[PDB]
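K.L.:
structure for this input, please:
(5 chains, ligands or ions: 5)
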Amino acid sequence: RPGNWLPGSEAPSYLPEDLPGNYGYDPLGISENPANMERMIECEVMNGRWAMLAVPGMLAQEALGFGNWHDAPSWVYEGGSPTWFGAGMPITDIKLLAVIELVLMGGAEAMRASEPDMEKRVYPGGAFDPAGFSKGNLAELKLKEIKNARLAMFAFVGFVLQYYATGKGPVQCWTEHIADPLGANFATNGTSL
Amino acid sequence: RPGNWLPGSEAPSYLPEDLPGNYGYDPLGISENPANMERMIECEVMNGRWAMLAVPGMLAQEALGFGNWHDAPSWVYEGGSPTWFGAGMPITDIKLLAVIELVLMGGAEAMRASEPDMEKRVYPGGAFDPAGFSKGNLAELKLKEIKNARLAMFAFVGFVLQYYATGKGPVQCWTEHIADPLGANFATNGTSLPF
Amino acid sequence: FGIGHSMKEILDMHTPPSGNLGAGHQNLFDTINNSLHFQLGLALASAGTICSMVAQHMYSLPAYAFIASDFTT
Amino acid sequence: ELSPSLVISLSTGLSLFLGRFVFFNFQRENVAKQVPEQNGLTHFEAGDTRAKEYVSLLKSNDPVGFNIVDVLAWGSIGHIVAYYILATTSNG
Amino acid sequence: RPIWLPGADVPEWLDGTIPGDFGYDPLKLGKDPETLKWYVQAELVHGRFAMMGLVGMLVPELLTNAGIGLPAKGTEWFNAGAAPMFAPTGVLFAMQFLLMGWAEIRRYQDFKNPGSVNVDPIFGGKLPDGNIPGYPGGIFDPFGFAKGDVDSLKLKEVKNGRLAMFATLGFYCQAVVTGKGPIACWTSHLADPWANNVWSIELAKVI
Ligand code: CLA
Ligand code: CLA
Ligand code: CLA
Ligand SMILES: CC(/C=C/C=C(C)/C=C/[C@@]12O[C@]1(C)C[C@@H](O)CC2(C)C)=C\C=C\C=C(C)\C=C\C=C(C)\C=C\[C@@]12O[C@]1(C)C[C@@H](O)CC2(C)C
Ligand SMILES: CC1=CCCC(C)(C)[C@H]1/C=C/C(C)=C/C=C/C(C)=C/C=C/C=C(C)/C=C/C=C(C)/C=C/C1=C(C)CCCC1(C)C
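P.N.:
Numbering: from 1, shown residues only, chains lettered A, B, ... in the order given. Ligands and ions are numbered 1, 2, ... in the order given. Below you will find the coordinate block:
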């Protein structure tokens, strides 16, 4: 393991010492059977990869293309412009937009949904390869995404649960703190008490 | 091994006596764990160098040029690029400026970061030893480098606790004290003695 | 027509992958489809509650015209 | 020959796409796993006449064997997406 | 061996093993071993806070009321609830909680696993330890005591801790009643001992 999440606790037995990002953190004893664990290894990967790509879309378009991650993207369409993406206007309209989303994802995911192998799913390689394929380099990079993903997921909450408290977007809510760290904190808010 | 810090003997058992200038100093006994002392041998020498590099730096800022240290960023906080280092101001802005010192330094550390040997990393030699003054004896020079280092670090604190106190930057303080010895002290105007 | 679900092989795959329920739902489609009383216990329990559910809505949401005018009905 | 008659024609092609594209994989894979029976025996040999599992209507020369009732099962879903898109006009 | 009262018990489950043990546990909280271990630490953590803390109450109010020299801002120890200035009580509080709870979970997970809170790789840097169980030593004993007076020193920590805890409770209950500061409560009694006693005011005075 690459460290322990809580120094002073022993390693849990059921988690085999070799897993990507094994800190021995399983407080609820969720998976005590390695059979069932594997599906959640595969799944923690996916939830991260979507979560990774989701974060820049929330920050950037607040501080770059100038829209919130929540109300701006969706609202502006109904009562307004079809899409402003990248500060540009495409043809595509509301209803027939989501129709395309099912053909593709349902085509993209279901094509992945059918595989015999667990490992070749989580880690397809193939056409996706053009990077380290070998030995410890891949084994190490294997840790790096699992680790960034955990951080990336754990951000997504902070995006939602700041916006429900503050109401401002993530960067607009960030910039407030770096200007004045005290008085702009979370403690003073409708969160704590 | 030279003498001991206080002459109460009891040189602590654990130590690589050839280490560069151990006076047998562990009031708190931190390095008792040998695998851990392996780390703290480098943490020292790499701290001191950046004191050893900074202490003269903080010395010329206030002496030759304008600003002491905390004056430097905020003088150019409204200024930005307008520094003068033997020369004028190549244009850069705070966000753009930090990218250099963050990224160029990251790799420079990252190249040193993973070094299978703990001796090989802190004392590489070679390209970082252009002169070759290592000669056959570095052990005199190694201790030599540390005694300059420890003092450099310990000097750095003398900048920060003075200026954080009512006292100002050292260069004038140095002159201020040597102007009037009685009335320029940590006690006087320093309000370091809280009575 | 062979397209659809199988009652039993819906059930038999629901044993939770821990063992909290042990075998989970296993050979229940046996007991159910054989025991009548099991089928009748559900029928009365399901229809019984609805009888009450009718009475909870039907006074407060008086579907029929000109009730809640004559009260005693 | 306009959008009302075009969309349902353009919508249904979505579901029949996925059905043959991939989900012919997974539907056929559970059907082989799932077959009805009672008292450990299927419903034909337990004495029920009407219950004989009926493949003799279900065949095709289609490349994968995609059959009439799978057209019915997917085409009906094609008509779900059909009458959700046109009929709502709710928040775009 | 000293007893709390000389004629009673020294309960079976309690021998005179640990220091500061006079044989008083009427409600018999500690019985099984793995509990008594816990409470012993719960005592010292109290005993240590109480000592330090009480001096926060005692001395500042003493200075002010012992003369003009350095009058204590915040007046009596319960008048220092006011006088926050820089940061709001919303933030400064949750800065504490986050900051303390780091150190004190480190203290617990040590009691759980005694040998090392943190072995040398984890929690980068730091981790000097040098830790015996029940007392940190290490950093926390800089001058290097435990020079052979330990057993006595141990008795002197508890016995002063026992008293500062008990004495602290007075500061609470006194101020809750007489509404004055301790030296006000002090001197007024020492001035005239009878009329200024307890039990002439508000509390036993219910009679
Ligand atoms: C002049 C004041 C001063 C002092 C006294 C120190 C002292 C120290 N520095 Mg240091 N440092 C300084 C200025 C100073 N630094 C400056 C100005 C910079 C930036 C240019 C740095 C950047 C720096 C780095 C990048 C590293 C150190 C490290 C260390 C520690 C090495 C000791 C060790 O290995 O023992 C065992 C290790 C210990 C840490 C001993 C514990 C002693 C105290 C109680 C720990 C305090 C740590 C601190 C509170 C961490 C929180 C701050 C941070 C998370 C924001 C030591 C505590 C090393 C380290 O691990 O610390 C970060 C290290 O790799 N220094
Ligand atoms: C990657 C994690 C992360 C980071 C960097 C931030 C950063 C920020 N949050 Mg935040 N947040 C997060 C996750 C995160 N959040 C999550 C998951 C939640 C839901 C529980 C919240 C709920 C939250 C509220 C309700 C508010 C903020 C606010 C803020 C801003 C002020 C800091 C503050 O109040 O702390 C927020 C407190 C926390 C994040 C507590 C969680 C701390 C965990 C245990 C560790 C976080 C550090 C982590 C290791 C990453 C930092 C690495 C370090 C090197 C920088 C700042 C931009 C405030 C703000 O901007 O005010 C206008 C504000 O009102 N956040
Ligand atoms: C952060 C800088 C740093 C670090 C990592 C070390 C590390 C080391 N020193 Mg060292 N030293 C330093 C600065 C440092 N020193 C300075 C500035 C001086 C001059 C006073 C010395 C003088 C010195 C002597 C004389 C000896 C050592 C020795 C050692 C080794 C064992 C002691 C130990 O575990 O220290 C670990 C260090 C730390 C955990 C850093 C803690 C820093 C805390 C966080 C700050 C405290 C600041 C202080 C309270 C206020 C300022 C007061 C002023 C004195 C600075 C070890 C390799 C002994 C040895 O074996 O020789 C190599 C020895 O005999 N050092
Ligand atoms: C720690 C403590 C007090 C700590 C006080 C602090 C930090 C004060 C802080 C402040 O002042 C400052 C610093 C500055 C001010 O501006 C702010 C405040 C905040 C006001 C009291 C413990 C107080 C603890 C007390 C009084 C315990 C008494 C226990 C007794 C009498 C016996 C208990 C038993 O356990 C036994 C021994 C045997 C069992 O069988 C029977 C029973 C009864 C269970
Ligand atoms: C031979 C040939 C040519 C080239 C190759 C190719 C493979 C394409 C092949 C394809 C041939 C074609 C076009 C096959 C088309 C088959 C189709 C469209 C069959 C139709 C299926 C739909 C059916 C039963 C209807 C099901 C139920 C419906 C609607 C009801 C909808 C409902 C409405 C909206 C009102 C009430 C509620 C409810 C029930 C939801």
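K.L.:
could you report the distance from the nearest residue to residue A:183 once chain neighbours are set aside to residue E:75?
P.N.:
Nearest non-adjacent residue to residue A:183, counting by Cβ to Cβ, 6 or more residues apart in numbering or on different chains: residue E:88, 6.5 Å away. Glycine gets a C-beta too; all of them are placed from N, C-alpha and C. Taking Cβ to Cβ, to the nearest Å as the measure, residue E:88 falls 22 Å from residue E:75.
K.L.:
swap in residue E:171?
P.N.:
Distance of residue E:171 to residue E:75, given as Cβ to Cβ: 14 Å.
K.L.:
which of those two has more neighbours?
P.N.:
residue E:171 (20 against 16; other Cβ atoms under 10 Å in any protein chain shown).
K.L.:
quick check: that one vs chain B, distance?
P.N.:
Separation of residue E:171 from chain B (Cβ to the nearest Cβ, to the nearest Å) stands at 25 Å.
K.L.:
same question, residue A:85
P.N.:
Counting by Cβ to the nearest Cβ - residue A:85 and chain B are separated by 26 Å.
K.L.:
which element is the closest residue to chain C within chain A on?
P.N.:
Proximity of chain A to chain C (Cβ to the nearest Cβ) peaks at residue A:36, 4.7 Å away. Element membership for residue A:36 (DSSP states H and E) is helix A:34-63.
K.L.:
which SSE is immediately downstream of that helix?
P.N.:
By DSSP H and E, the next helix or strand past helix A:34-63 is helix A:71-78.
K.L.:
just checking, what packs against the helix or strand just after that next one?
P.N.:
Next in sequence after helix A:71-78, counting helices and strands by DSSP H and E, comes helix A:94-113. Applying 3 or more Cβ pairs under 8 Å, 6 or more residues apart in numbering or on different chains; DSSP states H and E, one finds that helix A:94-113 makes contact with helix D:3-18, helix D:24-33, helix D:68-88.
K.L.:
need those helices in TSV (columns: mean neighbour count).
P.N.:
As requested, those are exported to TSV (neighbours: other Cβ atoms under 10 Å in any protein chain shown):
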stretch	mean neighbour count
helix D:3-18	15
helix D:24-33	13
helix D:68-88	15
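K.L.:
now do the helix holding residue A:36 against helix A:94-113, angle only.
P.N.:
Taking axes from the mean of the first three to the mean of the last three Cα atoms, to 10 degrees, one finds helix A:34-63 and helix A:94-113 inclined to each other by 150 degrees.
K.L.:
just want the most central residue of chain C.
P.N.:
residue C:46 (4.6 Å; Cα atoms, centre = their mean).
K.L.:
for the residue in chain E that ligand 3 sits nearest to, list the residues it contacts.
P.N.:
Residue nearest to ligand 3 within chain E: residue E:128 (7.1 Å; Cβ to the nearest ligand atom). Residues near residue E:128 by Cβ atoms under 8 Å, 6 or more residues apart in numbering or on different chains: B:28, B:29, B:30, B:36, E:138, E:139.
K.L.:
out of the residues you listed, which end up buried?
P.N.:
Using 16 or more other Cβ atoms under 10 Å in any protein chain shown as the burial test, these include B:28, B:29, B:30, B:36, E:138 as buried.
K.L.:
closest to residue E:189 out of those residues?
P.N.:
residue E:138 (43.6 Å; Cβ to Cβ).
K.L.:
ok, that closest one - contacts?
P.N.:
Contacts for residue E:138 (Cβ under 8 Å, 6+ apart) come out as B:28, B:29, E:128, E:129, E:130, E:131.
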